[PDB]
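Undergrad: Structure: structure-v7.tsv, TSV, C-alpha atoms and all ligand atoms.
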```tsv
chain	number	residue	atom	x	y	z
K	1	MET	CA	55.12	218.76	138.53
K	2	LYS	CA	57.53	215.97	137.62
K	3	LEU	CA	58.25	212.28	138.21
K	4	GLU	CA	61.53	210.57	137.19
K	5	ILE	CA	61.29	206.79	136.91
K	6	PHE	CA	64.57	204.91	136.62
K	7	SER	CA	64.66	201.44	135.05
K	8	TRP	CA	66.30	199.31	132.38
K	9	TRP	CA	63.11	198.85	130.42
K	10	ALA	CA	64.51	200.40	127.24
K	11	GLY	CA	63.61	199.71	123.63
K	12	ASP	CA	61.48	196.61	123.17
K	13	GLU	CA	61.37	196.07	126.93
K	14	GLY	CA	59.46	199.38	127.28
K	15	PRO	CA	55.88	198.52	126.22
K	16	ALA	CA	54.69	197.37	129.66
K	17	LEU	CA	56.28	200.39	131.40
K	18	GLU	CA	54.94	202.79	128.77
K	19	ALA	CA	51.42	201.41	129.44
K	20	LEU	CA	51.87	202.09	133.16
K	21	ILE	CA	53.07	205.59	132.37
K	22	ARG	CA	50.01	206.34	130.21
K	23	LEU	CA	47.81	205.12	133.07
K	24	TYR	CA	49.66	207.37	135.53
K	25	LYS	CA	49.40	210.41	133.20
K	26	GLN	CA	45.60	209.84	132.93
K	27	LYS	CA	45.28	209.95	136.71
K	28	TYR	CA	47.77	212.79	137.21
K	29	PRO	CA	47.68	215.08	134.13
K	30	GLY	CA	49.79	217.73	135.86
K	31	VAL	CA	52.90	215.53	136.14
K	32	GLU	CA	55.57	215.41	133.41
K	33	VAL	CA	56.96	211.88	133.60
K	34	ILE	CA	60.67	211.44	132.81
K	35	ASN	CA	61.25	207.89	131.55
K	36	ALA	CA	64.90	207.52	132.62
K	37	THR	CA	65.96	204.16	131.19
K	38	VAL	CA	69.53	202.87	131.26
K	39	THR	CA	69.86	200.50	128.33
K	40	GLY	CA	71.21	197.06	129.23
K	41	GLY	CA	69.91	193.58	129.84
K	42	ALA	CA	69.28	192.50	133.41
K	43	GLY	CA	70.19	195.90	134.85
K	44	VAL	CA	73.98	195.48	134.76
K	45	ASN	CA	74.37	198.96	133.29
K	46	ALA	CA	71.43	200.44	135.31
K	47	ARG	CA	73.08	199.26	138.57
K	48	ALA	CA	76.25	201.21	137.65
K	49	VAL	CA	74.53	204.43	136.66
K	50	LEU	CA	72.24	204.30	139.73
K	51	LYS	CA	75.35	203.94	141.89
K	52	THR	CA	76.80	207.15	140.41
K	53	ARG	CA	73.52	209.00	141.00
K	54	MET	CA	72.84	207.63	144.49
K	55	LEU	CA	76.40	208.19	145.76
K	56	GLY	CA	76.40	211.62	144.13
K	57	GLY	CA	73.35	212.62	146.19
K	58	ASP	CA	71.06	212.76	143.16
K	59	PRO	CA	68.47	210.01	143.53
K	60	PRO	CA	65.76	209.46	140.98
K	61	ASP	CA	62.20	209.63	142.35
K	62	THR	CA	62.02	205.84	142.18
K	63	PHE	CA	64.04	203.01	140.62
K	64	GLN	CA	63.50	199.49	139.36
K	65	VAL	CA	65.02	197.08	141.84
K	66	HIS	CA	64.84	193.39	142.47
K	67	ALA	CA	63.05	192.14	145.55
K	68	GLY	CA	65.37	190.29	147.92
K	69	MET	CA	69.07	190.60	148.67
K	70	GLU	CA	69.74	192.99	145.79
K	71	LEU	CA	67.32	195.54	147.34
K	72	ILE	CA	68.35	194.94	150.94
K	73	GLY	CA	72.11	194.61	150.63
K	74	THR	CA	72.63	197.80	148.68
K	75	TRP	CA	70.50	200.96	149.24
K	76	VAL	CA	68.52	199.73	152.30
K	77	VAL	CA	71.56	198.86	154.49
K	78	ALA	CA	73.05	202.17	153.30
K	79	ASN	CA	69.98	203.88	154.82
K	80	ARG	CA	69.03	205.61	151.54
K	81	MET	CA	65.48	204.27	151.15
K	82	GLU	CA	62.24	205.22	152.94
K	83	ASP	CA	60.34	202.66	154.97
K	84	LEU	CA	57.06	201.92	153.17
K	85	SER	CA	55.26	200.18	156.07
K	86	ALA	CA	52.69	203.00	156.54
K	87	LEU	CA	51.88	202.94	152.83
K	88	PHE	CA	51.54	199.15	152.84
K	89	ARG	CA	48.94	199.49	155.63
K	90	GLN	CA	47.16	202.32	153.82
K	91	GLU	CA	46.85	200.24	150.62
K	92	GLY	CA	46.07	196.89	152.23
K	93	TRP	CA	49.18	195.41	150.55
K	94	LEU	CA	50.08	193.01	153.36
K	95	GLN	CA	47.05	190.89	152.32
K	96	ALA	CA	47.39	191.67	148.57
K	97	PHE	CA	50.81	189.95	148.07
K	98	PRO	CA	51.97	186.45	149.08
K	99	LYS	CA	53.85	186.26	152.44
K	100	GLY	CA	56.96	184.84	150.72
K	101	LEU	CA	57.13	187.98	148.57
K	102	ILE	CA	56.53	190.28	151.55
K	103	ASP	CA	59.46	188.53	153.26
K	104	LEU	CA	61.82	189.37	150.35
K	105	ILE	CA	61.08	193.09	150.57
K	106	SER	CA	61.14	193.22	154.41
K	107	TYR	CA	64.20	193.87	156.63
K	108	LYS	CA	64.79	195.01	160.23
K	109	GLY	CA	61.14	195.94	160.81
K	110	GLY	CA	60.70	197.91	157.54
K	111	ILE	CA	59.28	197.21	154.08
K	112	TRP	CA	61.35	198.73	151.33
K	113	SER	CA	59.76	198.34	147.88
K	114	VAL	CA	56.56	197.52	146.05
K	115	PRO	CA	56.51	194.50	143.70
K	116	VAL	CA	54.98	195.00	140.25
K	117	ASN	CA	55.40	191.51	138.93
K	118	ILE	CA	56.82	188.02	139.19
K	119	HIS	CA	59.21	186.73	136.47
K	120	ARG	CA	60.43	183.15	136.20
K	121	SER	CA	64.07	182.48	135.37
K	122	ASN	CA	64.01	178.75	134.54
K	123	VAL	CA	62.15	178.60	131.25
K	124	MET	CA	63.29	176.83	128.07
K	125	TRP	CA	61.84	178.28	124.85
K	126	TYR	CA	61.51	176.43	121.54
K	127	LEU	CA	59.39	176.32	118.39
K	128	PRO	CA	57.26	173.18	118.52
K	129	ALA	CA	56.96	173.22	114.67
K	130	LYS	CA	60.75	173.45	114.24
K	131	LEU	CA	61.27	170.60	116.68
K	132	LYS	CA	58.93	168.42	114.55
K	133	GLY	CA	60.77	169.55	111.36
K	134	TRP	CA	63.91	168.17	113.11
K	135	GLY	CA	62.00	165.26	114.62
K	136	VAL	CA	63.01	165.77	118.27
K	137	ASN	CA	61.16	166.29	121.58
K	138	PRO	CA	61.66	169.09	124.18
K	139	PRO	CA	64.18	167.72	126.71
K	140	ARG	CA	63.10	167.29	130.33
K	141	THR	CA	66.59	166.49	131.74
K	142	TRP	CA	70.09	167.79	130.95
K	143	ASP	CA	71.15	164.30	129.75
K	144	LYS	CA	68.23	164.24	127.32
K	145	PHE	CA	69.14	167.83	126.36
K	146	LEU	CA	72.76	166.92	125.70
K	147	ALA	CA	71.73	163.82	123.67
K	148	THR	CA	69.07	165.75	121.71
K	149	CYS	CA	71.55	168.52	120.82
K	150	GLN	CA	74.03	165.92	119.51
K	151	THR	CA	71.25	164.54	117.29
K	152	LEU	CA	70.62	168.13	116.06
K	153	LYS	CA	74.29	168.72	115.29
K	154	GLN	CA	74.23	165.42	113.35
K	155	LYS	CA	71.15	166.72	111.50
K	156	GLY	CA	72.99	169.96	110.56
K	157	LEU	CA	72.10	172.38	113.40
K	158	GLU	CA	75.58	173.64	114.44
K	159	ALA	CA	74.56	175.44	117.63
K	160	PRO	CA	71.27	173.98	118.94
K	161	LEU	CA	71.40	176.19	122.07
K	162	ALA	CA	70.98	179.92	121.72
K	163	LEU	CA	73.05	181.97	124.15
K	164	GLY	CA	74.04	185.61	124.49
K	165	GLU	CA	76.14	187.97	126.55
K	166	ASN	CA	77.79	187.28	129.92
K	167	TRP	CA	74.74	187.74	132.17
K	168	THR	CA	72.71	185.38	129.95
K	169	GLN	CA	75.42	182.71	130.52
K	170	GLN	CA	75.01	183.23	134.27
K	171	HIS	CA	71.25	182.90	133.63
K	172	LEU	CA	71.79	179.57	131.98
K	173	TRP	CA	74.09	178.57	134.83
K	174	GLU	CA	71.43	179.12	137.54
K	175	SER	CA	69.02	176.76	135.77
K	176	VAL	CA	71.76	174.12	135.42
K	177	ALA	CA	72.73	174.57	139.10
K	178	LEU	CA	69.11	174.31	140.27
K	179	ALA	CA	68.76	171.07	138.28
K	180	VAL	CA	72.01	169.60	139.63
K	181	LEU	CA	71.58	170.61	143.29
K	182	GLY	CA	67.82	170.54	143.64
K	183	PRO	CA	65.94	173.35	145.39
K	184	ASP	CA	67.18	172.72	148.97
K	185	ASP	CA	70.90	172.68	148.11
K	186	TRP	CA	70.35	175.64	145.75
K	187	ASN	CA	68.97	177.43	148.81
K	188	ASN	CA	71.96	176.18	150.85
K	189	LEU	CA	74.41	178.08	148.66
K	190	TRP	CA	72.86	181.40	149.66
K	191	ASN	CA	72.58	180.76	153.43
K	192	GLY	CA	76.20	179.45	153.40
K	193	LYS	CA	75.33	175.87	154.41
K	194	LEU	CA	76.60	174.48	151.12
K	195	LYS	CA	80.03	175.65	149.92
K	196	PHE	CA	80.56	176.32	146.18
K	197	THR	CA	83.57	173.98	146.41
K	198	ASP	CA	81.43	171.07	147.55
K	199	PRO	CA	81.57	168.25	144.98
K	200	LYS	CA	77.76	168.65	144.61
K	201	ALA	CA	78.20	172.33	143.60
K	202	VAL	CA	81.34	171.70	141.47
K	203	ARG	CA	79.21	169.36	139.36
K	204	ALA	CA	76.95	172.30	138.41
K	205	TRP	CA	79.93	173.63	136.45
K	206	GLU	CA	80.65	170.19	134.87
K	207	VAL	CA	77.13	169.89	133.51
K	208	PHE	CA	77.19	173.61	132.57
K	209	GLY	CA	80.40	173.15	130.52
K	210	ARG	CA	78.79	170.46	128.40
K	211	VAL	CA	75.68	172.54	127.87
K	212	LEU	CA	77.92	175.44	126.75
K	213	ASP	CA	79.33	173.18	123.99
K	214	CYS	CA	75.88	173.22	122.29
K	215	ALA	CA	75.78	177.03	122.16
K	216	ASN	CA	76.58	179.53	119.42
K	217	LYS	CA	80.22	180.63	119.44
K	218	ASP	CA	79.33	184.28	118.93
K	219	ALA	CA	77.26	184.44	122.15
K	220	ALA	CA	79.40	187.03	123.97
K	221	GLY	CA	78.32	189.97	121.78
K	222	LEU	CA	74.56	189.19	121.60
K	223	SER	CA	71.65	190.63	123.57
K	224	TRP	CA	69.10	188.37	125.18
K	225	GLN	CA	66.63	189.39	122.44
K	226	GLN	CA	69.15	188.37	119.77
K	227	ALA	CA	69.55	184.97	121.42
K	228	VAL	CA	65.72	184.51	121.44
K	229	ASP	CA	65.73	185.64	117.77
K	230	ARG	CA	68.04	182.67	116.99
K	231	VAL	CA	65.35	180.29	118.18
K	232	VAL	CA	62.61	182.16	116.25
K	233	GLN	CA	64.85	181.91	113.12
K	234	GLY	CA	65.58	178.23	113.56
K	235	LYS	CA	69.33	178.94	113.96
K	236	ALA	CA	68.87	177.30	117.35
K	237	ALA	CA	66.47	174.81	118.94
K	238	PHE	CA	66.48	176.03	122.55
K	239	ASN	CA	67.07	179.10	124.75
K	240	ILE	CA	67.09	179.31	128.58
K	241	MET	CA	65.77	182.73	129.52
K	242	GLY	CA	63.32	184.53	131.80
K	243	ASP	CA	59.76	185.04	130.65
K	244	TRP	CA	60.35	188.53	129.48
K	245	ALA	CA	61.13	186.44	126.35
K	246	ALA	CA	57.43	185.55	126.14
K	247	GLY	CA	56.61	189.27	126.32
K	248	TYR	CA	59.12	189.93	123.52
K	249	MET	CA	57.75	187.19	121.30
K	250	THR	CA	54.07	188.22	121.75
K	251	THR	CA	54.18	192.00	122.28
K	252	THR	CA	57.02	192.83	119.85
K	253	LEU	CA	57.14	189.90	117.40
K	254	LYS	CA	53.37	189.18	117.49
K	255	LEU	CA	53.91	185.41	117.72
K	256	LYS	CA	51.06	183.22	119.06
K	257	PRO	CA	51.84	181.41	122.34
K	258	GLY	CA	51.67	177.62	122.16
K	259	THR	CA	51.60	177.31	118.37
K	260	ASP	CA	54.29	179.76	117.14
K	261	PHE	CA	56.42	179.09	120.22
K	262	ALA	CA	56.28	176.93	123.30
K	263	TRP	CA	57.94	176.69	126.71
K	264	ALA	CA	58.92	174.19	129.39
K	265	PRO	CA	60.73	174.40	132.70
K	266	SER	CA	64.48	174.39	132.26
K	267	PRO	CA	65.64	170.76	132.00
K	268	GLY	CA	65.74	169.09	135.43
K	269	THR	CA	63.76	171.81	137.21
K	270	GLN	CA	60.18	170.78	136.53
K	271	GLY	CA	58.03	171.60	139.57
K	272	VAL	CA	60.34	174.39	140.78
K	273	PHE	CA	59.65	178.05	139.91
K	274	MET	CA	62.83	180.10	140.16
K	275	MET	CA	61.38	183.53	140.75
K	276	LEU	CA	62.40	187.13	140.71
K	277	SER	CA	60.41	190.34	141.14
K	278	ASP	CA	60.72	193.84	139.75
K	279	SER	CA	59.80	196.39	142.41
K	280	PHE	CA	59.91	200.12	143.08
K	281	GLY	CA	60.84	201.96	146.27
K	282	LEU	CA	61.04	205.50	147.62
K	283	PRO	CA	64.59	206.95	147.79
K	284	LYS	CA	65.32	209.45	150.56
K	285	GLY	CA	65.85	212.87	149.04
K	286	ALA	CA	63.56	212.19	146.08
K	287	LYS	CA	62.86	215.59	144.52
K	288	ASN	CA	59.24	214.60	143.79
K	289	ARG	CA	58.23	212.56	146.80
K	290	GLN	CA	54.44	212.66	146.50
K	291	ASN	CA	54.38	211.99	142.79
K	292	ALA	CA	56.61	208.95	143.46
K	293	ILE	CA	54.32	207.72	146.21
K	294	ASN	CA	51.45	207.93	143.74
K	295	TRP	CA	53.52	205.89	141.29
K	296	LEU	CA	53.99	203.25	144.05
K	297	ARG	CA	50.23	203.14	144.60
K	298	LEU	CA	49.67	202.50	140.88
K	299	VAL	CA	52.36	199.79	140.49
K	300	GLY	CA	50.99	198.04	143.63
K	301	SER	CA	47.42	198.04	142.23
K	302	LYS	CA	45.47	195.45	140.28
K	303	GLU	CA	44.64	197.95	137.51
K	304	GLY	CA	48.35	198.76	137.05
K	305	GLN	CA	49.67	195.19	137.26
K	306	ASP	CA	47.01	193.69	135.00
K	307	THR	CA	47.58	196.37	132.38
K	308	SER	CA	51.38	196.11	132.36
K	309	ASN	CA	52.21	192.44	132.91
K	310	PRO	CA	50.32	190.86	129.99
K	311	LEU	CA	52.59	192.99	127.72
K	312	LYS	CA	55.73	192.13	129.72
K	313	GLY	CA	55.48	188.30	129.93
K	314	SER	CA	55.77	188.37	133.72
K	315	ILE	CA	52.72	187.66	135.90
K	316	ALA	CA	51.27	189.99	138.53
K	317	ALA	CA	52.63	189.91	142.09
K	318	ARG	CA	49.08	190.70	143.42
K	319	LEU	CA	47.10	187.65	144.50
K	320	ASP	CA	43.87	189.11	143.04
K	321	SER	CA	45.19	189.29	139.45
K	322	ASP	CA	42.62	188.44	136.75
K	323	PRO	CA	43.90	185.52	134.61
K	324	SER	CA	41.54	186.38	131.73
K	325	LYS	CA	43.81	189.34	131.03
K	326	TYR	CA	46.74	187.02	130.30
K	327	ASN	CA	47.53	184.92	127.28
K	328	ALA	CA	48.35	181.21	127.29
K	329	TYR	CA	51.92	181.76	128.55
K	330	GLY	CA	50.77	184.09	131.36
K	331	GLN	CA	48.07	181.65	132.48
K	332	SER	CA	50.57	178.73	132.49
K	333	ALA	CA	53.05	180.72	134.62
K	334	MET	CA	50.19	181.79	136.90
K	335	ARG	CA	49.32	178.13	137.48
K	336	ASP	CA	52.94	177.10	138.20
K	337	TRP	CA	53.40	180.07	140.54
K	338	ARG	CA	50.63	178.72	142.82
K	339	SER	CA	51.60	175.02	142.64
K	340	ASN	CA	55.41	174.80	142.43
K	341	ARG	CA	58.22	174.83	144.95
K	342	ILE	CA	59.52	178.42	144.83
K	343	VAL	CA	63.21	179.36	144.92
K	344	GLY	CA	64.87	182.65	144.03
K	345	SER	CA	67.17	183.74	141.23
K	346	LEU	CA	70.80	184.68	141.73
K	347	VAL	CA	71.20	186.60	138.50
K	348	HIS	CA	68.03	188.60	139.14
K	349	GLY	CA	68.66	189.61	142.73
K	350	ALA	CA	66.53	187.46	144.99
K	351	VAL	CA	69.12	185.32	146.83
K	352	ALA	CA	72.50	187.11	146.96
K	353	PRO	CA	73.74	190.68	147.47
K	354	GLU	CA	75.05	192.83	144.63
K	355	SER	CA	78.54	192.41	146.16
K	356	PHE	CA	78.38	188.76	145.14
K	357	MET	CA	76.17	189.17	142.01
K	358	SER	CA	78.49	191.76	140.51
K	359	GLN	CA	81.53	189.47	140.86
K	360	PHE	CA	79.82	186.35	139.53
K	361	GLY	CA	80.26	187.67	135.99
K	362	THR	CA	84.03	187.49	136.60
K	363	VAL	CA	83.66	183.94	137.77
K	364	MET	CA	81.73	183.16	134.62
K	365	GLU	CA	84.42	184.88	132.47
K	366	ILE	CA	87.06	182.62	133.95
K	367	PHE	CA	84.99	179.48	133.43
K	368	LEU	CA	84.58	180.51	129.77
K	369	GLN	CA	88.36	180.79	129.38
K	370	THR	CA	89.50	177.85	131.55
K	371	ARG	CA	86.47	175.51	131.22
K	372	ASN	CA	87.72	174.17	134.57
K	373	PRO	CA	84.87	173.38	136.96
K	374	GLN	CA	87.12	173.33	140.05
K	375	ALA	CA	88.64	176.72	139.32
K	376	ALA	CA	85.17	178.30	138.86
K	377	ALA	CA	83.88	176.64	142.01
K	378	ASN	CA	86.95	177.89	143.90
K	379	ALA	CA	86.46	181.40	142.50
K	380	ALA	CA	82.79	181.55	143.58
K	381	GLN	CA	83.81	180.42	147.04
K	382	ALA	CA	86.56	183.04	147.36
K	383	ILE	CA	84.02	185.72	146.42
K	384	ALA	CA	81.48	184.41	148.92
K	385	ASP	CA	84.17	184.43	151.61
K	386	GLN	CA	85.28	187.96	150.70
K	387	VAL	CA	81.73	189.38	150.82
K	388	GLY	CA	80.67	187.33	153.83
K	389	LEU	CA	77.87	185.60	151.90
K	390	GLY	CA	75.12	184.89	154.47
K	391	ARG	CA	75.79	187.78	156.89
K	392	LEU	CA	72.67	189.66	155.75
Q	1	LIG	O1	66.42	192.81	130.95
Q	1	LIG	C1	65.86	191.53	131.05
Q	1	LIG	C2	65.11	191.37	132.38
Q	1	LIG	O2	66.12	191.45	133.38
Q	1	LIG	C3	65.82	191.82	134.72
Q	1	LIG	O3	66.46	190.96	135.59
Q	1	LIG	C4	64.35	192.23	135.10
Q	1	LIG	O4	63.89	191.73	136.37
Q	1	LIG	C5	63.31	192.12	133.98
Q	1	LIG	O5	62.33	193.14	134.19
Q	1	LIG	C6	63.94	192.35	132.60
Q	1	LIG	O6	62.98	192.16	131.58
```
Written as structure tokens, how would this file's structure read?

TA:
Amino acid sequence: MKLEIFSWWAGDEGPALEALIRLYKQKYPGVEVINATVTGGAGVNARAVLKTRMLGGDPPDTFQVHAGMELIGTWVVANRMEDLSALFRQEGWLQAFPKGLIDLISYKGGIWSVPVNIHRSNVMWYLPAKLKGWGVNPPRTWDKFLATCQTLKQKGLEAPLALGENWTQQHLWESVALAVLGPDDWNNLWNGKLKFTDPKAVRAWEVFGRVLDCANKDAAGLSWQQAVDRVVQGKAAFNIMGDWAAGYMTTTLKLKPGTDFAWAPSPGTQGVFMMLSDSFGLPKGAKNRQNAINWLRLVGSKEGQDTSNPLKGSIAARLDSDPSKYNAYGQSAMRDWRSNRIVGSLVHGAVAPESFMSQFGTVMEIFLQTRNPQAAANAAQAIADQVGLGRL
């Protein structure tokens, strides 16, 4: 009796998953659970290893996968995933999750994964005590951000923005783009109505370039946790990162939300929640099909999601989640989830296929070397053209 769970929740990202695994082992003491993590922020490495396994005919029993185009445009269109519609009916999930989320996991009459959470991409983290020590406010626009960072450089803070490795630069970029375009034109990139070479979209890269000039010069070789650490250490003022950062700061670092650190929407994005969702499906050919199905039932449940997510920093996908189980960050994100305009993340798989996502890092590499907005814009457009962005 075995169950192999594939994810990128390694190291200090593992607490929430480990909690779910203990829960599963209580309910199913016969099953030896293989925690098959591929170490690497945002699943860049996991994606590559999964590809080797899936194409090799050796699927895991289930794998972490983002709801939306990431899920659909890779293993679903390849006809390698089981349709979960029957299970959704059995569990009452169609009424348990918001319709917008159901839509992301639905394609050609089937439902293809089970959401465990909602993360938000567009969060700016800072230490409200360090900001007072520097006598600045948390910036609500990119102009105020750029002006505040200049003040901080003047006051001796060399790199007021914390930044890490390539994907985290893309992560920053999607917040900047959302701010510059607004939610509708952000959405228009992904349906192909707005070209990346439109002056409106080129400007995303202009604003992004200036933001990049407030960042640490050693960013390329740092993990997302190391970039958060810079803020906690006061070697930076700000970091734009998903709310797994809140999980890191509370679960791992034992910091108190609101007093030891605070949060705001990414500058220029207040009122918009850029979402993503970690989900699990059922691969065809899974060696342990029933055990995996039982894992899906747990991750789709209120008991599972309200055990795991408070540790993670994400909120539950389930509408019936109990807010009393969440700290001050969790409860804030819960509120914004219900009230804000919702758009999806690029970097975390909601809005574009892996064909595009995987090549966006190359685009970002070339912006880092050229710092030419038009070149980057042109590169994103060529990629979109080559993959047929919008066809799914
Ligand atoms: O690795 C950092 C984060 O990246 C991913 O995009 C996941 O959706 C999230 O679960 C994870 O914490």

Undergrad: Could I get the residue neighbourhood of ligand LIG 1 (chain Q) at 10 Å, counting only C-alpha atoms and all ligand atoms, as an MDAnalysis selection string?

TA: chainID K and resid 7:10 12:14 16:17 39:44 64:67 116:121 167:168 171 223:225 241:245 247:248 275:279 312:314 345:350

Undergrad: Export, as a short mmCIF file (atom, residue, chain, number, x, y, z; two decimals), in the frame of the given file, the selected residues with C-alpha atoms.

TA:
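Below is the file again-v9.cif, written as the result:
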```cif
data_model
loop_
_atom_site.label_atom_id
_atom_site.label_comp_id
_atom_site.auth_asym_id
_atom_site.auth_seq_id
_atom_site.Cartn_x
_atom_site.Cartn_y
_atom_site.Cartn_z
CA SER K 7 64.66 201.44 135.05
CA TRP K 8 66.30 199.31 132.38
CA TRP K 9 63.11 198.85 130.42
CA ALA K 10 64.51 200.40 127.24
CA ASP K 12 61.48 196.61 123.17
CA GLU K 13 61.37 196.07 126.93
CA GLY K 14 59.46 199.38 127.28
CA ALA K 16 54.69 197.37 129.66
CA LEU K 17 56.28 200.39 131.40
CA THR K 39 69.86 200.50 128.33
CA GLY K 40 71.21 197.06 129.23
CA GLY K 41 69.91 193.58 129.84
CA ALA K 42 69.28 192.50 133.41
CA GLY K 43 70.19 195.90 134.85
CA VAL K 44 73.98 195.48 134.76
CA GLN K 64 63.50 199.49 139.36
CA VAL K 65 65.02 197.08 141.84
CA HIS K 66 64.84 193.39 142.47
CA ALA K 67 63.05 192.14 145.55
CA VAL K 116 54.98 195.00 140.25
CA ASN K 117 55.40 191.51 138.93
CA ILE K 118 56.82 188.02 139.19
CA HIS K 119 59.21 186.73 136.47
CA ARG K 120 60.43 183.15 136.20
CA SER K 121 64.07 182.48 135.37
CA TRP K 167 74.74 187.74 132.17
CA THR K 168 72.71 185.38 129.95
CA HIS K 171 71.25 182.90 133.63
CA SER K 223 71.65 190.63 123.57
CA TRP K 224 69.10 188.37 125.18
CA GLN K 225 66.63 189.39 122.44
CA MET K 241 65.77 182.73 129.52
CA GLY K 242 63.32 184.53 131.80
CA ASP K 243 59.76 185.04 130.65
CA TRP K 244 60.35 188.53 129.48
CA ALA K 245 61.13 186.44 126.35
CA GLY K 247 56.61 189.27 126.32
CA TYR K 248 59.12 189.93 123.52
CA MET K 275 61.38 183.53 140.75
CA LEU K 276 62.40 187.13 140.71
CA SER K 277 60.41 190.34 141.14
CA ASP K 278 60.72 193.84 139.75
CA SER K 279 59.80 196.39 142.41
CA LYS K 312 55.73 192.13 129.72
CA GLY K 313 55.48 188.30 129.93
CA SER K 314 55.77 188.37 133.72
CA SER K 345 67.17 183.74 141.23
CA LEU K 346 70.80 184.68 141.73
CA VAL K 347 71.20 186.60 138.50
CA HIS K 348 68.03 188.60 139.14
CA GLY K 349 68.66 189.61 142.73
CA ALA K 350 66.53 187.46 144.99
#
```

Undergrad: Given the choices K:114, K:46, K:86, K:214, which gets closest to residue 298 of chain K if the distance is worked out from all atoms listed in the file?

TA: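 Closest to residue 298 of chain K of all the choices is K:114.
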
Undergrad: Could you list as an NGL selection string every residue that has an atom within 9 Å of (48.7, 194.5, 145.6), using the file's coordinates and counting all atoms listed in the file?

TA: :K and (91-97 or 114-116 or 297 or 299-302 or 305 or 316-321)

Undergrad: Kindly save the residues from that selection, with C-alpha atoms included, as a PDB file, in the frame of the given file.

TA:
```pdb
ATOM      1  CA  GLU K  91      46.850 200.240 150.620  1.00  0.00           C
ATOM      2  CA  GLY K  92      46.070 196.890 152.230  1.00  0.00           C
ATOM      3  CA  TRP K  93      49.180 195.410 150.550  1.00  0.00           C
ATOM      4  CA  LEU K  94      50.080 193.010 153.360  1.00  0.00           C
ATOM      5  CA  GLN K  95      47.050 190.890 152.320  1.00  0.00           C
ATOM      6  CA  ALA K  96      47.390 191.670 148.570  1.00  0.00           C
ATOM      7  CA  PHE K  97      50.810 189.950 148.070  1.00  0.00           C
ATOM      8  CA  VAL K 114      56.560 197.520 146.050  1.00  0.00           C
ATOM      9  CA  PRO K 115      56.510 194.500 143.700  1.00  0.00           C
ATOM     10  CA  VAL K 116      54.980 195.000 140.250  1.00  0.00           C
ATOM     11  CA  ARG K 297      50.230 203.140 144.600  1.00  0.00           C
ATOM     12  CA  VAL K 299      52.360 199.790 140.490  1.00  0.00           C
ATOM     13  CA  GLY K 300      50.990 198.040 143.630  1.00  0.00           C
ATOM     14  CA  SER K 301      47.420 198.040 142.230  1.00  0.00           C
ATOM     15  CA  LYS K 302      45.470 195.450 140.280  1.00  0.00           C
ATOM     16  CA  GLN K 305      49.670 195.190 137.260  1.00  0.00           C
ATOM     17  CA  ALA K 316      51.270 189.990 138.530  1.00  0.00           C
ATOM     18  CA  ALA K 317      52.630 189.910 142.090  1.00  0.00           C
ATOM     19  CA  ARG K 318      49.080 190.700 143.420  1.00  0.00           C
ATOM     20  CA  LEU K 319      47.100 187.650 144.500  1.00  0.00           C
ATOM     21  CA  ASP K 320      43.870 189.110 143.040  1.00  0.00           C
ATOM     22  CA  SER K 321      45.190 189.290 139.450  1.00  0.00           C
TER      23      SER K 321
END
```

Undergrad: Name the residues, using the chain letters and numbers of the file, that sit within 12 Å of (67.2, 186.7, 151.1) when counting all atoms listed in the file, and give them as a CSV table (one decimal) with C-alpha atoms, keeping the file's coordinate frame.

TA:
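Done, and the output landed in point-v1.csv:
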```csv
chain,number,residue,atom,x,y,z
K,66,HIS,CA,64.8,193.4,142.5
K,67,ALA,CA,63.0,192.1,145.6
K,68,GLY,CA,65.4,190.3,147.9
K,69,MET,CA,69.1,190.6,148.7
K,70,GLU,CA,69.7,193.0,145.8
K,71,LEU,CA,67.3,195.5,147.3
K,72,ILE,CA,68.4,194.9,150.9
K,73,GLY,CA,72.1,194.6,150.6
K,100,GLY,CA,57.0,184.8,150.7
K,101,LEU,CA,57.1,188.0,148.6
K,102,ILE,CA,56.5,190.3,151.6
K,103,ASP,CA,59.5,188.5,153.3
K,104,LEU,CA,61.8,189.4,150.4
K,105,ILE,CA,61.1,193.1,150.6
K,106,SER,CA,61.1,193.2,154.4
K,107,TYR,CA,64.2,193.9,156.6
K,187,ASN,CA,69.0,177.4,148.8
K,188,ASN,CA,72.0,176.2,150.8
K,189,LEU,CA,74.4,178.1,148.7
K,190,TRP,CA,72.9,181.4,149.7
K,191,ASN,CA,72.6,180.8,153.4
K,192,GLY,CA,76.2,179.4,153.4
K,276,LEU,CA,62.4,187.1,140.7
K,343,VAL,CA,63.2,179.4,144.9
K,344,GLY,CA,64.9,182.6,144.0
K,345,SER,CA,67.2,183.7,141.2
K,346,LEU,CA,70.8,184.7,141.7
K,349,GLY,CA,68.7,189.6,142.7
K,350,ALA,CA,66.5,187.5,145.0
K,351,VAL,CA,69.1,185.3,146.8
K,352,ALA,CA,72.5,187.1,147.0
K,353,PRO,CA,73.7,190.7,147.5
K,354,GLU,CA,75.0,192.8,144.6
K,389,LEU,CA,77.9,185.6,151.9
K,390,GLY,CA,75.1,184.9,154.5
K,391,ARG,CA,75.8,187.8,156.9
K,392,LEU,CA,72.7,189.7,155.8
```

Undergrad: Would you mind reading off the distance between atom CA of residue 24 of chain K and atom CA of residue 84 of chain K, one decimal, in Å?

TA: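 Atom CA of residue 84 of chain K lies at a distance of 19.9 Å from atom CA of residue 24 of chain K.
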
Undergrad: From the set K:125, K:375, K:236, K:62, which residue has the shortest atom-to-atom contact distance to residue 138 of chain K, counting only C-alpha atoms?

TA: K:125
